[PDB]
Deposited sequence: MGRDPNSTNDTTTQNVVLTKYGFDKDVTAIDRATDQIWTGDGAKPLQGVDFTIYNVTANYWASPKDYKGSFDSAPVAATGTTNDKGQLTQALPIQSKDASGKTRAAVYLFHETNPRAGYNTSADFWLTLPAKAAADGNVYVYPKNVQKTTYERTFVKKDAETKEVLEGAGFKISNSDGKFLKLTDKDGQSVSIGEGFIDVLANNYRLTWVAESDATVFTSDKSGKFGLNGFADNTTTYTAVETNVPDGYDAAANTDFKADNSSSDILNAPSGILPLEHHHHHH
């Protein structure tokens, strides 16, 4: 016999009971968060009063990923064996292995089954993920003579170590990135640092804007390098910046033609 444990992951800027079906009251549900569920029955029952969440050498009961609604369901046996081979009430520990971008991981928590279930026979848990402050930056490419904005200019970004920015999805895979401001938070991307040739190219949109959010801090200096220059212009100088939530303009001078 098993119970269903429904994990629901909401983000925050109370311990809710397992019998409570809580909608988050407007807080956003967090999709794409990975969990491993360890069967820690042997570890708890080796000495209950001493248990403090070790999953050392504990078998894995389950894995998965929160969905569009922040949810992850699993059917878990209400009983399982202890180290001495004796049947006990099962204990399961939840371990977040991959948070959502912009969020701290949640604390490992655990519970005994069978647990107190809500009206629908399910046991509801609600790990707290606290939002960590991240920073962003926008740039607006313009024509240095006309001061009009400029579409189609391509840029890469480098750090203090000479490594360039590549965005990936939650699992580290390549993604294809288009023009404009890139919402890393909403797409659950990651910032990685690689060789120039593997870098992600950012590109001014029809309003000249490009950039991203999802920076870890606002103290590191980064550099925007123009790598694709619109025809008829001269490269702007490299632009040092901080991820400080500001917008600033980058000027392309129209190249001069003499007779």
property: In sequence order, the deposited-sequence ranges that have no modelled C-alpha atom; result: 1-11, 25-29, 276-283
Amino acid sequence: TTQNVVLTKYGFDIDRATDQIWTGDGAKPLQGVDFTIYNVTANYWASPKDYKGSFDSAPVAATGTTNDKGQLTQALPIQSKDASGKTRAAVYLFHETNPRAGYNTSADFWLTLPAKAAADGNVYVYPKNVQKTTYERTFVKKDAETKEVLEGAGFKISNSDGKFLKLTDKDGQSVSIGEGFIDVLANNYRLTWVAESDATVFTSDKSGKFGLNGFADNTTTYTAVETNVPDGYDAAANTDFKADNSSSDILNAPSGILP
From here on, numbers count along this sequence of modelled residues.
| property | result |
| --- | --- |
| Stretch exceeding the other in mean C-alpha B-factor - 56-64, 206-214 | 56-64 |
| Mean C-alpha B-factor comparison - 14-22 and 233-241, higher one | 14-22 |
| Of the residues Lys156, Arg137, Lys147, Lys86, the one carrying the largest Cα B-factor as recorded | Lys86 |
| Candidate set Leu30, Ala46, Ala199, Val225 [ranked by C-alpha B-factor, highest] | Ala46 |
| Chain-relative CA temperature factor third for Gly152 | lowest |
| B-factor third for the C-alpha atom of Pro114 within its chain | highest |
| Position of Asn4 among the chain's modelled residues by C-alpha B-factor, lowest, middle or highest third | middle |
| Record-listed C-alpha B factor of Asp108: chain third | middle |
| Among modelled residues of the same chain, the CA temperature factor third for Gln71 | lowest |
